[PDB]
Structures are given as structure tokens and as C-alpha cells.
Amino acid sequence: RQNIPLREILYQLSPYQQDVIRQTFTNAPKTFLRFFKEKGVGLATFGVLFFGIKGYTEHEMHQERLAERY
Amino acid sequence: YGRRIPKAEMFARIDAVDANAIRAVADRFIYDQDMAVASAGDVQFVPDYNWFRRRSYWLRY
């Protein structure tokens, strides 16, 4: 394994001197909002392109069925 | 200790320790207990706390 020159001091605490699932209920709305802020633009771009092109195609398909309609 | 232990008492206390007492003391102090680990120098390959913590007990028994 490689040799990485590094100067630090690392502290770790035991898993049994800590809570397991009690900060999830506190950090849950902040995590939700941070996720949507970080990935908001791409999800919006994907949704707008997909649903707009699908709606345009479906509208034109209905128009073409009505154009041949007796 | 608040006193001076005579050497006869220290010898009698040492002479009362057998293999059962060593087993019981190690079972009280070591087995499946948290420990403290300190290191210095070239320590990039020293295992972390969970590696040390899992090797305080035996699943084979």
C-alpha cells in the first residue's frame, strides 16, 4: 500500500459512547432542503425537457388524429 | 495504602492467585470492554477503533 506523507492528529470516539439514530430527526428538514438546493437546477432541467417535449408530442398526436377524423 | 504492607502479607496475597483467579480477573477487565488506543509516528497502517473493538471478544465460543 502507498506511503502518504501527512501531518495530522486524529481523534475517534467509541460507537457505544454516542447516540445512533437521534440526530436524524433533527437534521431531516435541513438535509431535504440542502439536497434540493444542490440538485435543483438539474432536476428542473430534466423535468422541463421531458414533460414539455412529451406534452408537445401528445398534443400533436391528438391533432393528427383529429385531422383525419370524419 | 495508608500503611506499610509486610512482605509476608504480600507473599501470601501473591501465593493465593491461581489460574481461575487470572481467568476471572481477565474476564472482568478485558473481555468485551472498550479500550483506549494511542499511536505516534508512522501510523498510517494502524487499524482504527472498530478493528480494535471487535477483537475484544470471540464469536467462536
# chains A, B, ... in the order shown; residues from 1 in each chain; ligands from 1
>>> interface_residues(of="chain B", to="chain A", cutoff="9 Å", atoms="only C-alpha atoms", output="VMD selection string")
chain B and resid 34 to 35 44 to 45 48 to 50 53
>>> write_last_selection(atoms="N, CA and C atoms", output="short mmCIF file (atom, residue, chain, number, x, y, z; two decimals), in the first residue's frame")
data_model
loop_
_atom_site.label_atom_id
_atom_site.label_comp_id
_atom_site.auth_asym_id
_atom_site.auth_seq_id
_atom_site.Cartn_x
_atom_site.Cartn_y
_atom_site.Cartn_z
N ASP B 34 -14.59 -1.66 26.22
CA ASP B 34 -13.94 -0.60 25.47
C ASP B 34 -12.50 -0.45 25.93
N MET B 35 -11.65 0.03 25.03
CA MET B 35 -10.25 0.25 25.31
C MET B 35 -9.84 1.60 24.73
N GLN B 44 0.03 5.34 9.60
CA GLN B 44 -0.99 5.28 8.56
C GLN B 44 -1.59 3.89 8.40
N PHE B 45 -0.89 2.84 8.82
CA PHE B 45 -1.39 1.48 8.69
C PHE B 45 -1.89 0.91 10.00
N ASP B 48 -8.13 1.20 12.89
CA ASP B 48 -8.95 2.18 13.58
C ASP B 48 -9.62 1.54 14.80
N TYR B 49 -10.56 2.26 15.41
CA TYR B 49 -11.13 1.81 16.68
C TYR B 49 -12.02 0.58 16.52
N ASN B 50 -12.75 0.48 15.41
CA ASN B 50 -13.67 -0.65 15.25
C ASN B 50 -12.92 -1.96 15.06
N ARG B 53 -11.91 -2.80 18.58
CA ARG B 53 -13.06 -3.09 19.42
C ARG B 53 -13.64 -4.47 19.14
#
>>> select_by_dssp(residues="chain B", states="helix (DSSP H, G or I)", output="MDAnalysis selection string")
chainID B and resid 7:15 19:29 49:54
>>> write_last_selection(atoms="N, CA and C atoms", output="PDB file, in the first residue's frame")
ATOM      1  N   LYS B   7       6.073  -8.002  54.092  1.00  0.00           N
ATOM      2  CA  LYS B   7       6.406  -8.847  52.950  1.00  0.00           C
ATOM      3  C   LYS B   7       5.741 -10.211  53.040  1.00  0.00           C
ATOM      4  N   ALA B   8       5.440 -10.671  54.257  1.00  0.00           N
ATOM      5  CA  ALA B   8       4.706 -11.916  54.427  1.00  0.00           C
ATOM      6  C   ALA B   8       3.296 -11.811  53.862  1.00  0.00           C
ATOM      7  N   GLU B   9       2.637 -10.668  54.067  1.00  0.00           N
ATOM      8  CA  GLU B   9       1.294 -10.489  53.529  1.00  0.00           C
ATOM      9  C   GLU B   9       1.309 -10.356  52.012  1.00  0.00           C
ATOM     10  N   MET B  10       2.304  -9.659  51.462  1.00  0.00           N
ATOM     11  CA  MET B  10       2.410  -9.551  50.011  1.00  0.00           C
ATOM     12  C   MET B  10       2.682 -10.909  49.377  1.00  0.00           C
ATOM     13  N   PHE B  11       3.531 -11.722  50.015  1.00  0.00           N
ATOM     14  CA  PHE B  11       3.783 -13.070  49.521  1.00  0.00           C
ATOM     15  C   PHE B  11       2.542 -13.947  49.633  1.00  0.00           C
ATOM     16  N   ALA B  12       1.769 -13.804  50.713  1.00  0.00           N
ATOM     17  CA  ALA B  12       0.557 -14.608  50.866  1.00  0.00           C
ATOM     18  C   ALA B  12      -0.518 -14.194  49.871  1.00  0.00           C
ATOM     19  N   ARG B  13      -0.592 -12.901  49.554  1.00  0.00           N
ATOM     20  CA  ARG B  13      -1.526 -12.429  48.539  1.00  0.00           C
ATOM     21  C   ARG B  13      -1.129 -12.910  47.150  1.00  0.00           C
ATOM     22  N   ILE B  14       0.170 -12.884  46.836  1.00  0.00           N
ATOM     23  CA  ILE B  14       0.627 -13.363  45.536  1.00  0.00           C
ATOM     24  C   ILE B  14       0.417 -14.867  45.421  1.00  0.00           C
ATOM     25  N   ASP B  15       0.689 -15.603  46.497  1.00  0.00           N
ATOM     26  CA  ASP B  15       0.568 -17.053  46.513  1.00  0.00           C
ATOM     27  C   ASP B  15      -0.874 -17.542  46.451  1.00  0.00           C
ATOM     28  N   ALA B  19      -4.957 -20.070  38.487  1.00  0.00           N
ATOM     29  CA  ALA B  19      -5.386 -19.873  37.107  1.00  0.00           C
ATOM     30  C   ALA B  19      -6.839 -19.430  37.021  1.00  0.00           C
ATOM     31  N   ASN B  20      -7.682 -19.897  37.949  1.00  0.00           N
ATOM     32  CA  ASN B  20      -9.079 -19.478  37.986  1.00  0.00           C
ATOM     33  C   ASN B  20      -9.206 -17.992  38.280  1.00  0.00           C
ATOM     34  N   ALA B  21      -8.394 -17.487  39.208  1.00  0.00           N
ATOM     35  CA  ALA B  21      -8.435 -16.069  39.546  1.00  0.00           C
ATOM     36  C   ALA B  21      -7.959 -15.209  38.386  1.00  0.00           C
ATOM     37  N   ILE B  22      -6.934 -15.668  37.665  1.00  0.00           N
ATOM     38  CA  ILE B  22      -6.450 -14.952  36.487  1.00  0.00           C
ATOM     39  C   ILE B  22      -7.523 -14.917  35.408  1.00  0.00           C
ATOM     40  N   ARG B  23      -8.203 -16.050  35.196  1.00  0.00           N
ATOM     41  CA  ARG B  23      -9.307 -16.104  34.241  1.00  0.00           C
ATOM     42  C   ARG B  23     -10.433 -15.150  34.621  1.00  0.00           C
ATOM     43  N   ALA B  24     -10.800 -15.112  35.905  1.00  0.00           N
ATOM     44  CA  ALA B  24     -11.893 -14.249  36.347  1.00  0.00           C
ATOM     45  C   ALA B  24     -11.523 -12.772  36.253  1.00  0.00           C
ATOM     46  N   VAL B  25     -10.282 -12.422  36.600  1.00  0.00           N
ATOM     47  CA  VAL B  25      -9.845 -11.032  36.522  1.00  0.00           C
ATOM     48  C   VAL B  25      -9.773 -10.567  35.070  1.00  0.00           C
ATOM     49  N   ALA B  26      -9.266 -11.420  34.174  1.00  0.00           N
ATOM     50  CA  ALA B  26      -9.236 -11.062  32.759  1.00  0.00           C
ATOM     51  C   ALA B  26     -10.635 -10.980  32.169  1.00  0.00           C
ATOM     52  N   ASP B  27     -11.553 -11.825  32.638  1.00  0.00           N
ATOM     53  CA  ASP B  27     -12.940 -11.756  32.201  1.00  0.00           C
ATOM     54  C   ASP B  27     -13.620 -10.482  32.684  1.00  0.00           C
ATOM     55  N   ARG B  28     -13.253  -9.999  33.870  1.00  0.00           N
ATOM     56  CA  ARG B  28     -13.826  -8.753  34.368  1.00  0.00           C
ATOM     57  C   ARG B  28     -13.252  -7.540  33.642  1.00  0.00           C
ATOM     58  N   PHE B  29     -11.944  -7.522  33.404  1.00  0.00           N
ATOM     59  CA  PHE B  29     -11.278  -6.300  32.970  1.00  0.00           C
ATOM     60  C   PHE B  29     -11.122  -6.154  31.461  1.00  0.00           C
ATOM     61  N   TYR B  49     -10.564   2.255  15.411  1.00  0.00           N
ATOM     62  CA  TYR B  49     -11.134   1.809  16.675  1.00  0.00           C
ATOM     63  C   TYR B  49     -12.021   0.585  16.518  1.00  0.00           C
ATOM     64  N   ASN B  50     -12.754   0.475  15.410  1.00  0.00           N
ATOM     65  CA  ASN B  50     -13.669  -0.650  15.248  1.00  0.00           C
ATOM     66  C   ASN B  50     -12.923  -1.960  15.059  1.00  0.00           C
ATOM     67  N   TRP B  51     -11.737  -1.908  14.451  1.00  0.00           N
ATOM     68  CA  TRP B  51     -10.895  -3.092  14.335  1.00  0.00           C
ATOM     69  C   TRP B  51     -10.433  -3.569  15.702  1.00  0.00           C
ATOM     70  N   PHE B  52      -9.987  -2.639  16.550  1.00  0.00           N
ATOM     71  CA  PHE B  52      -9.570  -2.990  17.904  1.00  0.00           C
ATOM     72  C   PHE B  52     -10.751  -3.443  18.747  1.00  0.00           C
ATOM     73  N   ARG B  53     -11.906  -2.798  18.577  1.00  0.00           N
ATOM     74  CA  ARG B  53     -13.058  -3.090  19.421  1.00  0.00           C
ATOM     75  C   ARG B  53     -13.638  -4.470  19.142  1.00  0.00           C
ATOM     76  N   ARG B  54     -13.602  -4.918  17.888  1.00  0.00           N
ATOM     77  CA  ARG B  54     -14.168  -6.216  17.555  1.00  0.00           C
ATOM     78  C   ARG B  54     -13.312  -7.359  18.083  1.00  0.00           C
TER      79      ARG B  54
END
>>> atom_distance(atom1="CA of residue 56 (chain B)", atom2="CA of residue 39 (chain B)")
18.7 Å
>>> atom_distance(atom1="CA of residue 23 (chain A)", atom2="CA of residue 33 (chain B)")
25.9 Å
